[PDB]
Structure formats: C-alpha cells, structure tokens
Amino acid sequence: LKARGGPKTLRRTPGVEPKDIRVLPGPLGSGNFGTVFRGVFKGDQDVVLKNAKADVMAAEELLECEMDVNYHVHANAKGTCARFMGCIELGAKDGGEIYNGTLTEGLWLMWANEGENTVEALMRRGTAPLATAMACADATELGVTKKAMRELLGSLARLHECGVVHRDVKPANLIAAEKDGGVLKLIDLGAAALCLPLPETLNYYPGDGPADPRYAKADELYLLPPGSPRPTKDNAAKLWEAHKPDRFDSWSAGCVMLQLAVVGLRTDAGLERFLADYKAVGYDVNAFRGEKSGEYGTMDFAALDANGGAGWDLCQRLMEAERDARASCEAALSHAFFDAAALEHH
C-alpha cells in the first residue's frame, strides 16, 4: 500500500500569470537571501522580480515575510515604496531558466520598475544628475537635501504610522521615480518589521537583527533590546512606546541626510570617518563642529550650516545617542529645515 500523491498549492496574484512574464538575464543585485531581476510583464510593462536564493538558510521564509510586509505597505502606505504587483509561485516541471527569459521554480515577488537609478548611484555621480532625476529645481546640496529628506521622512512617518519599521534605510534603497515626478520611493522591505499585531507582528523580536553597518547605529542593531519581552498582541503598543523601534529608521535617515548634504560624505569611507568622529565626541553635533570639523578641510558643510545651522540641528535630532532623545521621523518632518522661504518676492 502506497501513499497517494496530491496537488501542489501555488500562490498567485489575480491578473498575473507565468505566461505574462519575461525575465531579463543579469541580476540587478543579490541581497542577504534573494536575487532581483529585470522583467517585462504583459509585453510592455517594466517590472522587477525577486526570488529566494537556493544556497541561503531560510531564504524562502525570509522572502515570505518580505511578501507579507509588502502586502501591508501596499494596503496602508501606498507611494512610500516601489509599487507592489504581487507574487507568482512556480513548481518544478513548470519552471524554466533565467538565461532563457522564464521564471524558475519557487516564489517570486514582483514590483513596478520605478527607475534605473538609486540615490546612491546618482549622488555618487554628482548633485547635478541627482537633482535632475529628482526634478529638484534647486540643484544644490541644500536643495536636494531638503527635497529628498522631506520625501523620505514623509514616507517613513507613514510607514511607522502603520507599524512598519523599514530597517534598511539608505541611499541605495531609494529610487528617484521619474514617472512620478522624480519623487523618492523606498525599496527593499526584506529586513522590515511589522511591529503591531495586524493580526500579528512580523520579523519583530528582541536582540540584534540584520543591519547595514554603514547606516545602523553600531551599538543599537536591534529594534527591541536583547532583554525585552517577546512581542505579543497584548504588549506591542507598550513595547513601541518603551523601545521606540522606529528610531532605528531615524538614525538611518540622519545618515542619508549627511550624505545628501555633504559631497565628501558620499563615499563609504567618508561617512564612516564622520561617524567615528561623531561617536568620539559623544554624538554631539556642536562638539563635532567645534572639535572635529577643522579636520575636514576637503569637504563643504554649507548645506548644514545654512539658516542658523538648521541642517546640523536636524541631523542632531535624528542622530541622538539615546532613542528616548532621538526625533521620530514624523517630528523631524516639521523641523525648521523644511520651512518655506519667507518673503519670496515673486
């Protein structure tokens, strides 16, 4: 007597069939657990596709969580991130080959291709191509920083409002979306947490988690401190207020601001140098300006100095050593840095 076989259950999005998708060879990148490819959907829609790495422990489960968070964001924070177009799951015999333009076995996620750039790529080419991609009329460090940060903080505020902490905020995960007026959109919710029970928290736990060492505060690589109780539907709100996991994104946003504002900080080594000095002076911006900035003769901090040092003050708020002192992204959005020019004389 043999065990019977049975159907395979596959996840699918209404309107999206495997036949509809052509994948383009050559990954745009590989992250911790997955690989991203360019694709064409229904003949003329430019999309991007992500699958799980076969060689990485738990990769499918990590992608499943990214999928869940993407659905949450699609429902609650439209426009903050790349437009989510759903999923497609394929079986063994029904899978093809990447180098032949067909989706291979396993779960795939799909988004609109929001643009061929990232802010990291653009800023490293220069403030000018960055401002052009952003449709930013004030093509200066100050101009791009004001526009970019208003957009990033606005989006982070909306994410946090619906319980999502992105946890991988950085220029490489921002695209200037030319089809939507150049507005910045976040990508990559692969490390994101849902910190409210809707119906349950996702990817949210005590202790250290995935982080980009350049953009996460070195002694604060957690959303919940290692001693914290595990989150439950009953304690989530208390934990949100107590441990302020959203302040993880605040620090990262401060790092983004530093790089947009100061050309010399756009390289990894540049920002790394600044942060080491910043830590050395006790996470005190005024201390850095007084004791350290003289050492940065090759750089220009004009965007941060402008208007009573408003840029520096906003960085200080986003980058306080203590979470309890660090500004929320929502609060930061109301900072003087973002004030409209008075008496413009049009």
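Numbering starts at 1 and runs along the sequence shown.
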* So 118 to 126 or 168 to 176, which one's hotter by mean CA B-factor in the entry? -> 118 to 126
* **235 to 243 set against 181 to 189, stretch whose average Cα temperature factor tops the other in the entry** => 235 to 243
* Asked: If you check the C-alpha B-factor for each of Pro197, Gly143, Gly207, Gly154 in the entry, which is highest?
  -> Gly207
* **Top Cα B factor in the deposited entry, candidates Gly86, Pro225, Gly264, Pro213** => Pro225
* To do: Just say lowest, middle or highest third for the CA B-factor of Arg150 relative to the other modelled residues in its chain.
  => lowest
* B-factor third for the C-alpha atom of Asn70 within its chain -> lowest
* **Entry-reported Cα temperature factor of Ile98, expressed as the chain third it lands in** => highest
* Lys42, C-alpha B-factor rank within chain (lowest, middle or highest third) -> highest
* For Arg289, return the chain-relative third of its C-alpha B-factor as stated in the PDB record: lowest, middle or highest. => middle
